[PDB]
Structures are given as C-alpha cells and as structure tokens.
Amino acid sequence: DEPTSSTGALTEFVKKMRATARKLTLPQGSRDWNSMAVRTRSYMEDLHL
Amino acid sequence: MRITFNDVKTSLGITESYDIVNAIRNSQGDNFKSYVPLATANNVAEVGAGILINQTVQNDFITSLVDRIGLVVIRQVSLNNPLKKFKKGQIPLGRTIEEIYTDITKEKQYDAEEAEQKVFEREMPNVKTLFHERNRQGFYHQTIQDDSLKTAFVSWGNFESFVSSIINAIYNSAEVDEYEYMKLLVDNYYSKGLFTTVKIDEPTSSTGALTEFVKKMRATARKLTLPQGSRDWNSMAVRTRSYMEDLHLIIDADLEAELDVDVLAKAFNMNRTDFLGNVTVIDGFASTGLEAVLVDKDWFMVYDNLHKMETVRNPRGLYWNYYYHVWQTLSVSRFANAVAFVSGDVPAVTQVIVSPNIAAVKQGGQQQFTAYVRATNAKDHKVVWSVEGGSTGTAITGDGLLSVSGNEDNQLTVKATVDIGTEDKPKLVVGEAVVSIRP
Amino acid sequence: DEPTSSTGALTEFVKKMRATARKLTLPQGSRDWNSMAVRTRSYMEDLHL
Amino acid sequence: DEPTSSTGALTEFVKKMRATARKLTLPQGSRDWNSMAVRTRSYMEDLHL
C-alpha cells in the first residue's frame with residue numbers, strides 16, 4: 001500500500017518481504033519469481049535487498 | 001482347519017470427504033496442479049493409507065510365484081501414571097490403618113485459692129482418630145498359545161518380541177487403571193463435598209479472569225503457609241499448617257497453555273505472576289466446576305498391599321495363563337488442607353481484541369483494524385466501531401477502516417464494542433487501541 | 001478460525017496447538033489421536049509440525 | 001514543522017535529520033548540499049550538528 005503511510009503499512013511490508021525471502025529460499029525450488037519460468041532455487045546469503 | 005477371507009475391498013471402513021484422484025484428474029490451475037506430473041499417483045492414492053487385510057499377490061513376471069513379506073515390525077509402547085509420585089510406602093499384609101491427631105487446648109486463668117482444691121482435676125487431651133480400609137483387589141489375565149502362534153513367525157527374535165509385548169500390555173493396563181483410580185479419588189472427595197471451596201470466574205474466559213484466579217491462588221497458598229496455622233482449610237477443622245514445598249496444584253493442559261501464552265509471555269518478572277506450588281498437569285477433571293485443586297502431599301493415603309505375578313500351564317490345550325494380582329488401599333487424609341477452586345457460569349462473550357494496540361498514522365493516511373471476540377458459543381456477534389478522541393473530519397467506517405482529518409494534533413481512541421444484553425439492559429465489552437498522529 | 005486473519009486468531013491457534021501437543025505427550029496415553037483407536041503415547045522430541 | 005510542538009513532530013524531525021546525514025555520507029557524492037554546486041562528499045566522523 002505505502003511504506004511511509006503508517007506503522008501498520010510498514011510492518012505489513014516487512015512481513016511481505018520476509019515471506020517472499022523465505023519462499024525464494026525454499027529448498028525444493030519454484031518457477032514463480034524469474035523472468036522466464038525455470039525451476040530454480042536461491043540461497044539466503046546471496047539475496048540483496 | 002484354516003481361516004480364509006474372500007472378496008474384501010481395500011476401502012473397508014473409510015469415508016471420503018472428496019476423491020483425490022478425481023480432483024487431480026479434473027483440475028485446471030487449482031491447488032492440485034502440482035500432482036499432475038506424477039506418473040504413478042493412483043497407486044499411491046489407493047495404497048498409501050495402508051490396508052487392513054492381506055491377500056496373496058502373484059508377481060508380474062512368472063505368475064506361478066507368490067510375492068512374499070519382506071519386513072515385519074513389532075510396535076512397543078510404555079505407559080506411566082504421573083501421579084505415581086504421590087504413593088506412600090508399602091504395607092505387606094496389614095489392613096485398617098489408624099490415623100491419630102491431638103489438637104491444641106485452652107488457656108486457664110492463674111489462681112492460688114482454687115489451686116489448693118483442684119489439683120487432681122482432669123482435662124482430656126482432646127484427641128481424634130480416623131480409619132482407612134483396603135478397597136482395591138483385582139487381577140489381569142491373559143493367555144498365550146505359543147505352539148499355535150509359532151506358525152505366524154519365521155524368526156525366533158520376532159517370536160520372543162511378540163511374546164514380551166503381551167506382558168508389556170499387562171503392565172500398561174495396570175498403570176492406566178492405577179492412574180484412573182487415583183484421579184477418581186479427587187472427584188469422589190469433591191462429590192462428598194469435603195474440599196474447601198473458593199468461587200472464581202472462568203480462567204479460560206478472558207485475561208482478567210485468569211489474572212484474578214492467579215491472585216486468588218497465590219493468596220490462598222500464602223495464607224495456607226503461616227506458622228500459626230488455621231482451621232479453615234481442612235475437613236474436621238483442626239489447627240494445622242502446611243509448607244510451601246509440599247503444596248501441589250493440579251491443573252489442566254488448556255489452562256497451562258492459556259496462562260503461558262497470555263500472562264507469562266507478556267509479563268516481565270515471571271516469578272511475580274507464576275504459580276507458587278508444584279504444578280501437575282492432567283487431562284482435566286470429571287466434576288462440573290472443578291478448575292484446579294491445591295492440596296498437600298500428605299493428603300493422599302494410597303498404599304499397595306499386594307503386587308503378584310503368577311503363571312499356570314494347560315498341557316491339554318498347550319498354552320500359558322498369566323495372572324497379575326493387584327491389591328491396594330486407596331483413601332485420603334482429612335487432616336490435610338485441600339482447596340477446590342470451583343467456578344460458576346461462563347458469560348457468552350468475554351472480551352474483544354481488535355489489533356496491535358499502539359499505532360501511528362499521518363494526517364492523510366488510512367488504517368485497517370481487524371477484530372476478534374472471544375465467544376463461548378458458535379453464534380457470531382456483530383461489532384460496532386466508534387472514535388472518542390478526535391477532531392472533525394476523521395472517522396472510522398463499519399468495516400474497520402479509519403481515516404484521519406485534514407488537520408489535527410491529538411490522540412485517537414478507537415473503541416469496538418459488542419452488545420450481548422437484553423432490551424433496555426445493555427451489556428457492552430470494550431476494546432481500545434491508541435493511534436498517534438504524525439504531522 | 002484462521003492462522004492469518006487477525007492476531008487474536010493467530011494467538012488462539014498458538015494456544016490450541018500448544019494444548020494439543022501437551023495432551024499428545026501425556027504419560028498415561030490416549031486413544032483420541034490415531035486411526036486405530038489404540039492406547040498410544042508420543043514423545044515431544046518426536047513431534048513435527 | 002517544529003522540534004518541540006509534539007512528539008510526532010520531534011520524531012519526524014529526527015527521521016529527517018538521519019536521512020539527510022545518510023544521503024550526505026554517500027560514496028558517489030552529490031552537488032546538492034554545497035553553495036558551489038560541486039560534486040563533493042563528506043564523512044560521518046566529520047559531520048557536526
């Protein structure tokens with residue numbers, strides 16, 4: 001919605017980012033987050049925000 | 001002499017909410033799309049739950065051969081009674097336990113004129129006794145046909161393991177029966193009504209009731225533990241005192257979980273809000289109002305008189321019989337303190353929590369608030385939202401969307417309330433959140 | 001109710017799961033949690049959520 | 001707005017100053033914070049408030 005609108009919006013954004021990072025780092029892999037759909041897995045130490 | 005079964009379906013006593021193979025087969029972008037690339041999914045679906053009846057299957061290469069059993073596993077489990085620590089010593093063959101107690105006496109005025117005449121006056125020590133009788137005599141019986149059982153096993157190790165499993169089952173049954181008896185003792189005492197009753201609200205209802213029950217329990221234990229004693233906590237009222245290390249509080253798993261999640265987690269200095277006595281968790285009580293019982297370790301009077309195991313052999317039938325005889329005395333002592341902590345009726349609606357209490361918003365932002373009403377009934381109750389501290393132009397809708405006015409500098413107080421009373425007699429529960437304004 | 005709809009629902013789910021695990025791990029056993037209705041018992045270290 | 005009018009105003013001022021210091025101490029530098037409009041760069045140990 002908006003990061004600077006309210007504390008609730010900020011914490012919602014934080015939760016969404018954490019969930020997305022965990023989904024990216026899920027070991028079995030997924031093809032939902034890359035430009036061309038290939039089943040790939042990423043590592044948490046390699047993620048830059 | 002051979003037992004056989006014919007035409008037994010795999011789904012013997014299984015009821016299906018839905019057909020998973022049908023859901024997989026007829027699916028277009030639903031949650032079942034991940035199982036589509038699975039090749040042998042039908043076999044897994046139809047066998048993975050396990051089968052209850054075995055049937056001979058010919059292998060697919062040479063149909064004259066029969067598939068064999070590869071692995072056999074024996075499942076073993078051990079059971080115990082958590083109240084076993086309350087058992088007293090062991091009496092070999094005695095009966096009719098006698099418990100004797102001498103009480104305090106009265107003080108007399110000093111005198112010398114009547115002390116030359118009342119020298120040999122008598123004053124009885126004012127002693128009282130009570131009795132306990134043996135009241136449990138039972139046995140567990142089980143038979144083993146080893147000679148006929150040999151045909152169902154190929155390895156002597158598995159045979160012996162299966163043989164020992166039956167003895168283990170006997171012991172588990174004895175343990176669970178002992179636990180049930182020792183739990184039934186408390187319910188029988190409450191039915192007789194010899195507990196000391198304290199009326200409390202439902203601890204599971206709301207957070208205020210839980211903390212009030214905590215206060216009552218702590219105060220009760222404290223007033224039990226005074227050196228001068230009292231007569232208000234034990235049947236056959238007599239002057240006695242207890243020690244803090246000897247006080248046992250028996251509660252429920254749901255009560256433990258609610259306390260741990262509500263009070264202890266949010267409470268700094270747990271030791272100022274935790275239970276004082278030794279806690280013991282069981283699977284609830286049978287009484288209609290019992291919540292938690294605070295007793296002394298001397299309250300129990302459980303003794304075991306006989307624990308014997310015997311075996312007999314029938315050679316005509318070629319089998320063994322195992323008998324486990326248990327004789328016990330199960331009773332309680334009325335000279336020990338015992339408080340019941342009983343509760344009354346529970347209200348339909350207890351409390352409401354909307355959202356994280358502290359929020360901060362700008363002068364042009366919007367906020368979303370949820371709601372949760374702790375209702376003891378399946379029926380849902382509507383909520384109404386309002387704002388108390390605010391200027392003109394700021395408002396909250398009925399769905400839980402709060403918008404701030406163009407310009408204001410104050411503290412917002414959003415209140416969500418539920419009405420559960422009758423006509424011309426409202427009963428409102430109040431839930432409040434604090435919202436701050438950042439220019 | 002819902003693990004995500006509201007924080008009250010989330011904490012109620014937490015309490016329910018904790019109570020369920022505690023009553024699963026009871027020394028006297030129970031028959032209310034398995035498909036064969038046998039008097040079985042589980043250990044806390046053997047439970048996976 | 002005002003450093004002493006309200007707690008919200010004070011914390012907004014704190015946020016603004018922290019952001020300003022962070023963007024002043026940027027490795028690539030900027031020319032928006034000096035009267036000469038020349039791309040320079042400062043350091044946190046040298047900044048004074």
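Colleague: Help me understand the overall build of chain B, please; the structure alone is not making it clear to me.
Modeller: Helix and strand counts for chain B stand at six helices and 20 strands. Over its C-alpha atoms chain B spans a radius of gyration of 34 Å, topping by over 25% the 22 Å that the globule rule assigns to 439 residues. The long-range share in chain B, meaning contacts at least 24 apart out of those at least 6 apart in sequence, stands at 73%. In the structure as shown, chain B presents an accessible area of about 28,200 Å², 52% of it carried by carbon and sulfur atoms.

Colleague: Quick question: what am I supposed to make of the packing of aromatic side chains here?
Modeller: Two aromatic rings are characterised by how far apart their centres lie and by the angle between their planes. All names here are of chain B. Under the criterion given, the structure shown has 17 aromatic pairs over all chains. Between the aromatic rings of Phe195 and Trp299, the centroid separation amounts to 5.8 Å while the plane-to-plane angle is 25°, which identifies the pairing as stacked. One end of the pair, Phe195, is in the loop between α4 (156–192) and β4 (199–200); the other, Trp299, is in the loop between β7 (293–296) and β8 (303–314), and 104 residues separate them in sequence. Residues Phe195 and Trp299 agree in their burial class; the two are buried. Each member of the aromatic cluster is reached from another via a ring pair, and the members are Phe86, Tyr189, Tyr190, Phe195, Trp299 and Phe300. A cation over a ring is seen here: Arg241 above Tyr243, with NZ or CZ 4.4 Å from the ring centre.

Colleague: Where do I start with the environment of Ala433(B) in this structure?
Modeller: Residues and elements named next belong to chain B. Here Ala433 lies in strand β20 (residues 428–438). Take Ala433: its relative accessible area is 3%, and that puts it in the buried class. Contacts of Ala433, omitting those with residues within four sequence positions, involve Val354, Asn357, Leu412, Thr413 and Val414.

Colleague: Looking at this model, I keep getting lost on the interface of chain B and chain C. Mind explaining?
Modeller: When the parts of a complex come together, some accessible area is lost, and that lost area is often taken as the interface size. Between chain B and chain C, the residue contacts involve 24 residues of the former and 21 residues of the latter. It is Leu79(B), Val261(B) and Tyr372(B) in chain B that bury the most area against chain C; as a group they hold 28% of the surface buried on that side. Summed over the shared surface of chain B and chain C, the result is five salt bridges. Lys23(C) serves as the salt-bridge partner of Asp254(B), at 3.5 Å between the closest nitrogen and oxygen. Inspection of the chain B/chain C interface yields seven residue pairs in polar contact. With eight residues, helix α6 (residues 253–264) of chain B is the single largest residue contributor to the side of chain B that touches chain C. Grouping the amino acids of the side of chain B that touches chain C by side-chain chemistry returns 14 nonpolar, three polar and seven charged.

Colleague: Even after reading the chapter, I still don't get the UniProt feature "domain: BIG2" in chain B, so can you show me in this structure?
Modeller: If you check UniProt for "domain: BIG2", the listed places come out as residues 348–427 of chain B in our numbering. For residues 348–427 of chain B, helix accounts for 0% and strand for 44%, while the C-alpha atoms at its two ends are 11 Å apart.

Colleague: Please explain the pattern of salt bridges as it appears in this structure.
Modeller: Opposite charge on two side chains makes pairing possible when the charged atoms of those side chains draw close. Here the structure, examined in full by the defined rule, presents 22 salt bridges over all chains. A salt bridge links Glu256(B) to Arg22(C), with the shortest nitrogen-to-oxygen separation between them at 2.8 Å. With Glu256(B) in helix α6 and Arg22(C) in helix α1 (residues 7–24), the pair connects residues from two separate chains. According to the relative accessible area criterion, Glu256(B) is buried, its value standing at 18%. Close ionic contact of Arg374(B) with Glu258(B) constitutes a salt bridge, the shortest N to O distance being 3.5 Å. Note that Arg374(B) is positioned in strand β15 (residues 372–375) and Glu258(B) in helix α6, a separation of 116 residues in sequence. For the residue pair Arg374(B) and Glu258(B), the accessibility class agrees, reading buried in each case. If you follow the salt bridges from partner to partner, you end up with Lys84(B), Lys87(B), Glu175(B), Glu178(B) and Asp304(B) in one network.

Colleague: Could you clarify how one ought to interpret α1(C) in this entry?
Modeller: A turn of α-helix holds 3.6 residues, and therefore any two residues three or four places apart point the same way. The end-to-end C-alpha distance of α1(C), which contains 18 residues, comes to 25 Å, matching closely the 26 Å that a straight helix rising 1.5 Å per residue would cover. When α1(C) is considered as a whole, its buried residues turn out to be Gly8(C), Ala9(C), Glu12(C), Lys15(C), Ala19(C) and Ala21(C). Close packing links the buried residues of α1(C) with α6, β12 (349–353) and β15 of chain B.

Colleague: Can you help me understand the nonpolar core in this one?
Modeller: Most often, soluble globular proteins have nonpolar side chains that are buried together. Residue and element names in this part refer to chain B. Core analysis: the largest hydrophobic core is formed by 23 residues, its most contacted members being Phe213, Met217, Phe275, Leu294 and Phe341. Of all the secondary-structure elements, those providing two or more residues to this core are α5 (207–224), β5 (247–252) and α6. Here this core takes six residues from α5, the largest share from any one element. Residue contacts for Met217: discarding those within four places in its chain leaves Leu249, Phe275, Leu276, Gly277, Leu294 and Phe341. If you look at the next biggest cluster of nonpolar residues, it comprises 22 residues, including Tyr189, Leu290, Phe300 and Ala336.

Colleague: I tried to follow the environment of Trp299(B) on my own but got confused; where do I start?
Modeller: Residues and elements named next belong to chain B. Exposure remark for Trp299: the relative accessible area of 0% places this residue in the buried category. Residues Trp299 and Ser331, 32 residues apart in the sequence, show an inter-C-alpha distance of 9.0 Å. Beyond its immediate chain neighbours, meaning those up to four positions away, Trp299 contacts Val186, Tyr189, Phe195, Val332, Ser333, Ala336, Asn337 and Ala338.

Colleague: Whenever I open this one, the UniProt feature "coiled-coil region" in chain B confuses me. Can you help?
Modeller: The UniProt record marks residues 107–127 of chain B with the feature "coiled-coil region", using the residue numbering of this structure. Its end C-alpha atoms 17 Å apart, residues 107–127 of chain B is made of 0% helix and 5% strand.

What counts and what doesn't
Residues numbered from 1 in each chain as written, not as in the entry; some residues may be left out. Chains lettered and ligands numbered in written order. Part of a larger assembly, values for the part shown. Heavy atoms only, no water. Helix = DSSP H or I, 4+ residues; strand = E, 2+ residues; numbered from the N terminus. Rg over C-alpha atoms; globule rule 2.2 N^0.38 Å. Contact = heavy atoms within 4.5 Å. Areas by Shrake-Rupley, 256 points an atom, 1.4 Å probe, with all protein chains shown as cover. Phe/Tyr/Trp six-rings, centres within 6.5 Å; stacked < 30°, edge-to-face > 60°. Buried < 20%, exposed > 50% of the residue type's maximum accessible area, 1.4 Å probe, protein only. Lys NZ or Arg CZ within 6 Å of the ring centre and 35° of its normal. Buried area = accessible area lost by both parts, 1.4 Å probe. Salt bridge = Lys/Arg side-chain N within 4 Å of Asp/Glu carboxyl O. Polar contact = N/O pair within 3.5 Å; in protein donor to acceptor, adjacent residues only side chain to side chain. Nonpolar A, V, L, I, M, F, W, Y, C, P; charged D, E, K, R; others polar. UniProt positions renumbered as here; feature names shortened; annotations may be inferred. Expected span 1.5 Å × (residues − 1). Core = buried A, V, L, I, M, F, W, Y, C linked by side-chain atoms within 4.5 Å.

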